[PDB]
Ligand SMILES: CC1(c2ccc(Cl)c(Cl)c2)C(=O)NC(=S)NC1=O
């Protein structure tokens, strides 16, 4: 009975576009870009009361965030950035802003047909990562 019901579940990466260029823009170094770009993560989303948990599991890294919408938290990203994150729901889209070293990136997650579409933006550079139910 929402929040976020249509996001909850276990999702597997099925396509990616422009992720190397997005990672370059973020500042990810060569070796991490190569290994991270190979990964085929599973994204596991769950909700318990007001707390949303998003796990990413791959051969590269396992990460986990738990958060309340609108409430800032500290996140260590898969590429080892120490960021301050805030996630909100905007018109049915989860909007995740990460701030670090005067920089910012925004990750949007939305349901489109049977997919979960993730759009990662850093300045002018967008990467689109498509997940399907596992
Ligand atoms: C693990 C992952 C990510 C995101 C940004 C960077 Cl920069 C890196 Cl290295 C890895 C990913 O591979 N794909 C998605 S959609 N979410 C993530 O949390």
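Residue numbers (PDB author numbering): -2 to 131.
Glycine included, every Cβ here is placed at the ideal spot set by N, Cα and C.
Run of the alpha helix (DSSP H) containing residue i, from where it starts to where it stops
i          : result
residue 23 : 16 to 23
Short Cβ contact (8 Å threshold) for residue i with residue j
i           : j           : result
residue 44  : residue 5   : yes
residue 107 : residue 127 : no
residue 22  : residue 105 : no
residue 60  : residue 36  : no
residue 25  : residue 71  : no
residue 20  : residue 28  : no
residue 80  : residue 97  : yes
residue 82  : residue 13  : no
residue 17  : residue 122 : no
Span of the beta strand (DSSP E), counted from its first residue to its last, around residue i
i           : result
residue -2  : Unbroken run through residue -2: none, as it is neither H nor E.
residue 120 : Segment: none, residue 120 is in no beta strand (DSSP E) and carries neither H nor E.
Cβ neighbours of residue i in the same chain (closer than 6 Å, five flanking residues each side left out)
i          : result
residue 62 : 51 and 72
Same chain, Cβ closer than 8 Å to residue i, neighbours up to 5 away in sequence not counted
i          : result
residue 8  : 39, 40, 41, 42, 113, 128, 129, 130 and 131
residue 1  : 42, 44, 49, 86 and 91
residue 3  : 108
residue 15 : 122, 123, 124 and 125
message = So within the stretch 27 to 103, which uninterrupted alpha helix (DSSP H) runs reach at least 4 residues, ignoring any that extend past its ends?
response = 27 to 35
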